[PDB]
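Shown here is one chain on its own, the form deposited in one PDB entry, set out as structure tokens.
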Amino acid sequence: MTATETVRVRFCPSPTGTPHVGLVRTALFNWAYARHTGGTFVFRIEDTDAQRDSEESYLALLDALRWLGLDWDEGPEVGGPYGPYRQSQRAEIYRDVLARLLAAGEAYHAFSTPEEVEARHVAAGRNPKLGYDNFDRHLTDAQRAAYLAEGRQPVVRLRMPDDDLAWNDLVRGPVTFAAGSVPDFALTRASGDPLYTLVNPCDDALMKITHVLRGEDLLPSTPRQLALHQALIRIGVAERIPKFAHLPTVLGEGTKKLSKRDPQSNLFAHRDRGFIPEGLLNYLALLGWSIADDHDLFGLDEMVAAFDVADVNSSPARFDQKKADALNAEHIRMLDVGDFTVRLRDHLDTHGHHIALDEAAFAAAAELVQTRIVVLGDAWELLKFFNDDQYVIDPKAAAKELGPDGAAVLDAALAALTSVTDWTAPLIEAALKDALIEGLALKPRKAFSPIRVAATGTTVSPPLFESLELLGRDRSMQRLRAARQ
């Protein structure tokens, strides 16, 4: 349908707070569409507010993308032809643009106070809650000269065109704002500082962005942006207006956007719990898109191959922790055991949940639990019984399994285990089955539950015999002996 589009897309977050999963969804959609089409992914930091902005947040945005495996073609660290890529560094570019806009009559200096606007609404019998009145379009040279001579500091406003402001949204379809409905808008504050309304569309133009893919909560900015892009083409600064694609807002439990105050929106809360990049990328891909109607499990290469903005839906995109957890668990199970073992060791070690097993033993234990967890952190509760200072016999398990009958099972197993020549899972198994099954004719649940509770503290544990092997003879014997009291 048919030539591949020529694509330059951006991810343009503000460095305020922690990396919001809606915003990371938007990064991924941009990245996937670039990679699908052989296009360029531009990373721009929109840091024009010193009050809210922080270097901690900047570094965390870089870390978020790198951890997720989403590399950028132009942006911080890497550079590129249209830099610098932090807006805090492009002050001189914005001043030039403003100057050019002002000299073409695309933009003008405006001196009204909000109170003078309100008073003009009242005299004309207009709703005084309405906005800017375009009064300053029509200032005489003398009146303009006269405001400056009084020390008025103007703002720069853009002169809106007279026609409709409309585009065909790649996700939302046709959108139109009527001729005259949008007041001439401020591109600066009275200090001269440029506002989002200048810097965002200006850098999209200057960085030659072809497709703007962003959350649909920003849709209302688009007409103002269209106006500015048009002005920038007239003054020879840009060439083409980008296409726009507005992505479904990521919701929490109701109709409301998932909040930045809500810990579920924090990418790194998921990290800390033990999401892996492959899990979380798969999940975030499902927040407005879908590889197939018959399955939702996929990797990044599969997404790159399949992803087109034409297939983004505008249906409600609700964040569902259960689904995210389920996909993470599938992705965990897809890892090669060596990869998984290294990731799991590092996760536990770096969250002060060291497991008291040597490297090869821990690998063996990791192998045993790869199919039992939804997130890496869950392995602590499953494996901490290897740590003598964490082991505790659950009192309900004890009451049920460590009665006189179970006590009797331990007596037999303990004598069984002394005959085990080498302390390995098969010989442990054989000794205990010889004694408890072949010998005492016990039902397996009856033969083994007391030994599992004794050795692990609980009625559910990793494979019992393997677990006994890794605990070692001395520890296993000690626990079994104590369990009978």
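C-alpha atoms forming the largest set that superposes within 1.5 Å between two forms make up the rigid core. When you see a residue number, it is the position in the sequence shown, counting from 1.
The form deposited in another entry exists for this protein as well; it is not shown, and the discussion that follows is about that form.
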Seminar exercise, completed: Core-superposed between the shown form and the other one, the one of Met334, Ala415, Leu102, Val78 with a C-alpha shift of 2 Å or more is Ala415
Exercise. After a core superposition, would you say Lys433 shifts its C-alpha by at least 2 Å between the shown form and the other one?
Worked result: yes
Exercise. Rigid core fitted, then: does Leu442 show a CA shift of 2 angstroms or greater between the shown form and the other one?
Worked result: yes
